[PDB]
Structures are given as structure tokens and as C-alpha cells.
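Accompanying notes for the structure given below.
Read-outs throughout are calculated quantities, based only on the coordinates presented, and are distinct from any laboratory measurement. A quick note on method: Cβ atoms are made from the backbone with ideal geometry, for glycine too, and the neighbour counts reach across all protein chains shown.
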Amino acid sequence: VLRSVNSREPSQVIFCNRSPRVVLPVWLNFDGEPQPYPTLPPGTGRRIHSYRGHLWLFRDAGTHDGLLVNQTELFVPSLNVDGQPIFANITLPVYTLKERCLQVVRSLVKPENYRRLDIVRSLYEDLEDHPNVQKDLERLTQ
Amino acid sequence: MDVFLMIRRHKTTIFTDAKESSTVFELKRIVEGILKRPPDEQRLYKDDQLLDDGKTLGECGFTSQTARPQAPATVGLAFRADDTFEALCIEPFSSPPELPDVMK
Amino acid sequence: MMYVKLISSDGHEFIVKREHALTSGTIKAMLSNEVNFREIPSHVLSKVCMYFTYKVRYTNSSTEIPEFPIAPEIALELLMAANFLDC
Ligand SMILES: CC(=O)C1(C(=O)N[C@H](C(=O)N2C[C@H](O)C[C@H]2C(=O)NCc2ccc(-c3scnc3C)cc2)C(C)(C)C)CC1
């Protein structure tokens, strides 16, 4: 269901990493498989060539945490008006306090030791259930 | 421009915000409405320095880029009982435990 | 403006706007004007109050968002509190 349309109509785009993370852009190809592209350092930008109807989303390249693009989940290049590119602003979301705590703990404890931490089993599961591009596509379909 | 604050006396802490252009006296009217003590029975401090009623919070060093939502600046509070003011006193927060072995 | 009092396990009393505290569904139920937390120390509950301010400020905003900061020392305890408060 979630896949780029093979439209063949060019669309120039600026990816702008207005986040503190290293950003990994992900193109959803014609069968819906997620295909990763070169990463952007924080505060940096790239003029790239994409196509109308093509699906993109964005992630932290190291932890796979999800980021937003123009205030939302998915980015689809539109028609270019007056020879001017489309701006794709990549930003941090307001993570819950729970999910932010989980990011920090994950970045301090090796996965083998999540089970030696003194917390309810319910949180051990939450830690091992780390962000993943496939899962989010299954969700976003529903 | 909004500045974000913790106003602190003894074991009391208030979270609120104010304009960079608002006055020390005006901040006391806020405290009055919350803790029920009028401005004349209040002293406010930046660290050890007593603040003048007519000065702005900007003049006194609370700016929109230092006094942030996720990391607000501290303003000290002291009350007067009868003739004389108490000395400024702010109870520290609790101390965290040692980092567990797995987090080292 | 309506405020509420959140009191930590060690006796510190934090006074925040009612609106900001209703971010937690747990706190909402404990009210429906003071609430005592027997398991949450002040070094954790002060950070919780700061997240309320941060959330209400940056939700629905086009100004770039800064990272909400958490020291390594207080992370495990803060996780446990966020889990209980559902925030
Ligand atoms: C004539 C084509 O090439 C068509 C097409 O859709 N081609 C796709 C294509 O060109 N794509 C898919 C996406 O729309 C993006 C575009 C592409 O791959 N562009 C090159 C490119 C290279 C690097 C970057 C990035 S991302 C971060 N930094 C850079 C330099 C961005 C784009 C591909 C099947 C070849 C992958 C059939 C129209």
C-alpha cells in the first residue's frame, strides 16, 4: 500500500536538517521496500533530485528514532512553481518523557544488560522494542 | 519575549513565566496571588543579589535564551515575619544514587 | 490562574499551573489541589515539572525544537516516573 508512484516527473528538493541528530533519509521504492540514502549531519542541507509522488521519511541514523518533516510523518515532493525547489524541514518531535528516557537509557546500557536493570519486566520489553522502520510502516498502514 | 523561572524559598518552588520587560515588583504580585503575601513582605534575589522593585527582569539578567522552558532560571525568595526579614535560604533537591554498573 | 501543588517523597513542594499538570492522566485522576508522591524524589519531580513547561511551549510550534535534556544519573528514576504518570 505505502509506496512511491513511478510518475517520471522531476521535482527538486532541499532537505534541511534542523535537528541535532545525524539524519538518515529513507525512500520508499515501488514495491514499498525502504531504501536508505546518504546521511546529513546536524544543521546541514542538500539539494537533491526526486520525483512527484515519491514517498520519503526521516530517522536518526544511529538509533533509528523517528523525526518529522514539515511537521508530519511523510514527505511527498510536489510540483515546482517558478523554478523554485520544495523545502523539506526535518526537526525533532516533542517526544513523550517516557520515550526520551528510553532513548537515553538505550544509549547508556548495552542491549545484553537491559535485563540486569532494576525495573518491571514491562520496561525491559519497552527497551528491547527499539524503533524500527518496518514496524512504523505496518502501523502507518492501519 | 517569555522567560521561564523557578521561584524558590525553603522547600517551596514555583514554576511560571514572565515578560523580559516586566518588573521585579510585578513578579512579586504573581507570588502574592499564589502564596498570599503582599510585595512589601517579599524580597527577591538573583543568587546573593537583592533585586530592585522597578528594574526589569532583562536588566537583572533573566533573558529569553538563558531562562528556557526545559532549563529555567532561579529567583530567590525571602519573607518578612513582624519587624525583620528572614535570611534567604533554599533547600537543595535530593541527590541521585550511584550510576549502576551497567551504565558505567 | 489556577495552580496545583505536587509534593515529592522528600517534602519539596512544587507549584505549577493546573493546565501543565493535566499533561499527566495519572495526576488528573488523583485530583478528580495537592498531590503526594511517596516514590518520587525532588531531583526527579523537578525534572518532570520542567518537561510540562517544555511540552506546552513547543507543542504545535514551527520554531525549531531543542532536545529535552536528561542527565545519566537521573534517567532510570525518571523513566520509572514517566511510566507511572503516563507522560
Ligand atoms: C529516470 C529515473 O531515474 C526514474 C526514477 O524514479 N528513478 C529513481 C531516482 O532517481 N530516485 C528515487 C528518489 O526519487 C530519489 C531519486 C534518486 O535516487 N536521486 C539521486 C539522489 C542521490 C543522493 C541523494 C542524497 S540524500 C542525502 N544526500 C544525498 C546526496 C538524493 C538523491 C531510482 C529508481 C533510480 C532510484 C524513473 C523516473
**Fill in**
Going through the stretch A:42-63 in order, the residues found to be surrounded by 15 or more Cβ atoms within 10 Å (Cβ to Cβ) and assigned to a loop (DSSP other than H, G, I, E, B) are A:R52, A:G53, A:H54, A:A61
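Given A:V69, A:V1, A:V13, which one is among the aliphatic types (A, V, I, L, M) and near the ligand (Cβ under 10 Å from one of its atoms)? It would help to see each step written out before you state the result.
Values: A:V69 fails: near the ligand (Cβ under 10 Å from one of its atoms); A:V1 fails: near the ligand (Cβ under 10 Å from one of its atoms).
After applying the criteria, what remains is A:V13.
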**Request:** Please state which of the following conditions B:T63 fails to meet, knowing it meets all the rest: (1) touching a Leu at 6+ places or on another chain (Cβ under 7 Å); (2) more than 14 Å from chain C (Cβ to nearest Cβ).
**Result:** (1)
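Name every residue in the stretch A:100-119 that is of a type in the set (D, E, K, R), over 20 Å from C:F68 (Cβ atoms) and touching a helix residue (DSSP H, G or I) at 6+ places or on another chain (Cβ under 7 Å), in order of residue number.
Taking the stretch A:100-119 first, the residues of a type in the set (D, E, K, R) are A:100, A:106, A:110, A:112, A:115-116, A:118.
Pick out the ones that are also over 20 Å from C:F68 (Cβ atoms) and you get A:110, A:112, A:115-116, A:118.
Correct list: A:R115, A:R116.
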**Request:** State whether one or more residues within the stretch B:92-99 are more than 13 Å from chain C (Cβ to nearest Cβ), farther than 29 Å from A:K110 by Cα and either surrounded by fewer than 17 Cβ atoms within 10 Å (Cβ to Cβ) or aliphatic (A, V, I, L, M) (or both).
**Result:** no
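If you take just the helices (runs of 4 or more DSSP H) that sit entirely in the stretch C:5-70, which of them hold at least 1 residues that are within 29 Å of A:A88 (Cα to Cα) and in contact with a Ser or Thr (Cβ under 8 Å, 6 or more places away or on another chain)? Spell out how you get there, then give the answer.
Working: elements: C:18-21, C:25-31, C:42-58.
In the stretch C:5-70, C:42-58 are the helices (runs of 4 or more DSSP H) which contain 1 or more residues that are within 29 Å of A:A88 (Cα to Cα) and in contact with a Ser or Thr (Cβ under 8 Å, 6 or more places away or on another chain).
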**Request:** With the condition kept exactly as written, say whether any residue in the stretch C:26-37 is facing another protein chain (nearest Cβ under 10 Å) and hydroxyl-bearing (S, T, Y).
**Result:** no
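Each row is one residue, and each column tells you yes or no for (1) crowded, with 16+ Cβ neighbours inside 10 Å; (2) acidic (D, E); (3) part of a loop (DSSP other than H, G, I, E, B).
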{"position": "A:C101", "(1), (2), (3)": "yes, no, no"}
{"position": "A:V105", "(1), (2), (3)": "yes, no, no"}
{"position": "A:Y114", "(1), (2), (3)": "yes, no, no"}
{"position": "A:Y124", "(1), (2), (3)": "no, no, no"}
{"position": "A:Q134", "(1), (2), (3)": "no, no, no"}
{"position": "A:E138", "(1), (2), (3)": "no, yes, no"}
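Here is a yes/no grid of residues against (1) more than 14 Å from every other protein chain (Cβ to nearest Cβ); (2) within 16 Å of the ligand (Cβ to nearest atom); (3) not small (G, A, S):
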site	(1), (2), (3)
A:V22	no, yes, yes
A:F30	yes, yes, yes
A:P38	yes, yes, yes
A:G45	no, yes, no
A:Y51	yes, yes, yes
A:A61	yes, yes, no
A:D65	no, no, yes
A:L92	no, no, yes
A:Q103	no, no, yes
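Only one residue in C:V48, C:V16 is within 14 Å of chain A (Cβ to nearest Cβ), of a type in the set (V, I, T) and within 11 Å of the chain's Cα centre (by Cα). Which one?
On the way: C:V16 fails: within 14 Å of chain A (Cβ to nearest Cβ).
That would be C:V48, the only listed residue that is within 14 Å of chain A (Cβ to nearest Cβ), of a type in the set (V, I, T) and within 11 Å of the chain's Cα centre (by Cα).
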**Message:** So A:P34 passes all but one of these: (1) within 14 Å of another protein chain (Cβ to nearest Cβ); (2) of a type outside the set (F, W, Y); (3) more than 12 Å from the ligand (Cβ to nearest atom). Which condition number does it fail?
**Reply:** (1)
